[PDB]
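Structure, as structure tokens:
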Amino acid sequence: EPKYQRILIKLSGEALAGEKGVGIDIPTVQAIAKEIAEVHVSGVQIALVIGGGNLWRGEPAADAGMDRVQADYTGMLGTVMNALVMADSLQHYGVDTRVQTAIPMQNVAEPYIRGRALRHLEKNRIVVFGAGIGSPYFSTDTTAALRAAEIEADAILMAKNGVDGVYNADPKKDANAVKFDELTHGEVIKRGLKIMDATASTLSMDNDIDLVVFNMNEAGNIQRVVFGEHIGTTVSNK
């Protein structure tokens, strides 16, 4: 009895880089895919949104003086590379997956169409979104929020690769910082916690999509989140 029937897991590119912090370490990807595969057995519909930090960061691009628009597209491509590897790893554990890219690439991967995406999930397949939303200037949060709203997901599990929730103070400085267990979209604003981008936050709230921040590096942790086990920080409209 999962608390959520359809979730959208957001992963950072780094989470797939492994030791180094850059590139894609397949054995690491399979480790994450094996865990998602296990949760998928519960019957919960799943969709993924991966970042591309492990392959490209905009910061040095801007410092180098590269065109912002072109730089953003470059990153989106990196997103599809993580998707293809994540999709393959998932198939390794008998999961029927489908990659949908915001930027249509006829041959390489199926283009994004809400209609299809919805039907795919209804067939118990995992959908992996790539290229964010095909448009520059937006963030990965916006991508997770927008996509979650379109496929009508109950919650967005922000599987952090380290952090285990949202603290009342910077857990890196305040040795006595405590993590909130349950917050409301508005309350998060009334404290300027800024868990997600300003745009993404509005989307999540308006469409009543829960936000869960938790540490995914813990074995079977994500599964617990799906089943209600209070492990991280849940943001919702109570």
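Heads up, the sequence shown is in the entry's author numbering, so the first residue is 4 and it goes up one at a time.
Ideal placement from N, C-alpha and C gives every residue a C-beta, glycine not left out.
Asked	Found
Can you tell me whether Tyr-115 is buried or exposed? The criterion is at least 16 other CB atoms within 10 Å of its CB, across all chains shown.	buried
Could you tell me which uninterrupted beta strand (DSSP E) segments, each at least 3 residues in length, are contained entirely in the region 126-198, listed from first to last along the chain?	129-133, 158-163 and 185-187
Measure the alpha-carbon distance for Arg-101 versus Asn-240 and round it to whole angstroms.	31 Å
Quick one: is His-188 buried, meaning 16 or more other Cβ sit within 10 Å of its Cβ, or exposed?	buried
Using the Cβ count rule (16 or more neighbours within 10 Å means buried), how would you classify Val-181?	exposed
Under 9 Å between the Cβ atoms of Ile-225 and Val-98?	no
Count the other CB atoms, across all protein chains shown, that sit within 10 Å of the CB of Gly-68; report buried if there are 16 or more and exposed otherwise.	exposed
Is it the case that the Cβ atoms of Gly-55 and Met-89 are separated by a distance below 9 Å?	no
Apart from the five residues just before and just after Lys-6, which ones in its own chain have a Cβ nearer than 6 Å to its Cβ?	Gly-231
According to the Cβ coordinates, are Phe-132 and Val-52 closer than 9 Å?	yes
If you follow the beta strand (DSSP E) that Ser-204 is part of, which residue opens it and which one closes it?	Premise fails: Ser-204 lies in the alpha helix (DSSP H), 201-209, not in any beta strand (DSSP E).
Can you tell which of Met-84, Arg-60, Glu-38 and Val-83 has its C-alpha closest to the C-alpha of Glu-221?	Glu-38
Closest by CA to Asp-91, which one among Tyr-170, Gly-168, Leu-206 and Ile-29?	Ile-29
Assuming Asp-99 is part of the beta strand (DSSP E), what are its boundary residues?	Premise fails: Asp-99 is in no beta strand (DSSP E) and is neither H nor E.
Can you tell me whether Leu-80 is helix, strand or coil according to DSSP?	helix
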